[PDB]
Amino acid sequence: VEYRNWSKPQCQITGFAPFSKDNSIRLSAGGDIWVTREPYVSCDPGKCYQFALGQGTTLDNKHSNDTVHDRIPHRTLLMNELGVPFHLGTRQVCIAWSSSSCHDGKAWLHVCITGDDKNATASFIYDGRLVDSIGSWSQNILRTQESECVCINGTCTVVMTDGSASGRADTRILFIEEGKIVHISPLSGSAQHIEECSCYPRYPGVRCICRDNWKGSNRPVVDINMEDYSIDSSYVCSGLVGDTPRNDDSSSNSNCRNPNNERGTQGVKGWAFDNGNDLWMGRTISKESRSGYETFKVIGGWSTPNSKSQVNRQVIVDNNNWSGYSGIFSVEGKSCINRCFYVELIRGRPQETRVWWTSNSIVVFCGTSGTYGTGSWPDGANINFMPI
């Protein structure tokens, strides 16, 4: 088994096709299913796996009460094959209220953060054993991507932040070989706040589309050079911005360089990727709440500041239903690298107060060069049918 290089051209895509759905919440109403949030997807050379941060409890369980909270010692990283719901036989891979995972072609790497808010620790698990760890450097919620990291030629990269959620923070990019941290580069460039990066291989380098939780409703971009460890950053050009909250389409802006200062505070994990001058992206349909989900291509969305010409829109989740986090993952095909994405479908608190828990299911789509129709694939659970 050889290290992955991802050295194939990116697949030409016309849009995305349905790939997977786990129906977690619907199942939780009649079965023992983990309470989760912050899910993602990543694949080894053979097959795909779904991940999520458990809350150390199932849903029909009094411990599900008040699981809206982000960080407790009982959160662990869950790992199943894609499409296998998080049942009681699910393996907890490590202790984590923040995590990232990727396969280098030989074995799995897991980056897992847990512990006190002011003094967290990140554990690096490779091939089933703990190889390294690092402590918080800003004493303010060390946190990472909540989606797959990416490895090229045996070196994996992952983006971590420590510091304010609403002000300048300390972002660093780690380079890891077989679980061992070999280099750390400070964030550099014009991005002013970085969280929860959705990264993908763009041989010879790596590209990440992130969340600015401070001043921008446009998404920061981070470029990682795997040859000399240099870092660059900026913002997605598209005038159709990908964060939530954000201004409506007629009054939103991006100049590619700075945060737009348009409803910039707060945000949601999301993704996008470049194709020449064009940009493929997803976003919530609602501009102020984590509701609905849509994807489209923006003409000149990568190269032209403020471009708002859109095409090939697809509704993934209609605006009558809740969404949440979303992220990218890459799949090596026979001749090219395909891009896929997942959408987190959050149910319960704070939006739905009949119940006392917070959880999610997922829906997953993959890039296609073929054709496709329309639909809507929401969580699908009836809140009135749920254990409270």
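Take the two forms, find the largest set of C-alpha atoms that superpose within 1.5 Å, and that set is the rigid core. Start at 1 with the first residue shown and count on from there.
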item: Which of 212-220 and 68-76 lies farther from this form in 6 other deposited structures of this protein, as RMS of C-alpha positions after a rigid core fit; value: 68-76
item: Average Cα temperature factor in the PDB entry - higher stretch of 231-239, 104-112; value: 231-239
item: Residue stretch of maximal mean CA temperature factor, 180-188 vs 91-99; value: 180-188
item: Member of 121, 80, 140, 153 with the greatest C-alpha B factor (per the PDB record); value: 153
item: Highest-ranked of 75, 193, 257, 313 once sorted by CA temperature factor in the record; value: 257
item: Residue 134, C-alpha B-factor rank within chain (lowest, middle or highest third); value: lowest
item: Residue 201 - Cα temperature factor, lowest/middle/highest third of chain; value: lowest
item: Among modelled residues of the same chain, the CA temperature factor third for residue 27; value: lowest
item: Cα B factor band for residue 364 (lowest, middle or highest third within the chain); value: lowest
item: Chain third (lowest, middle, highest) by recorded CA B-factor, residue given as residue 84; value: lowest
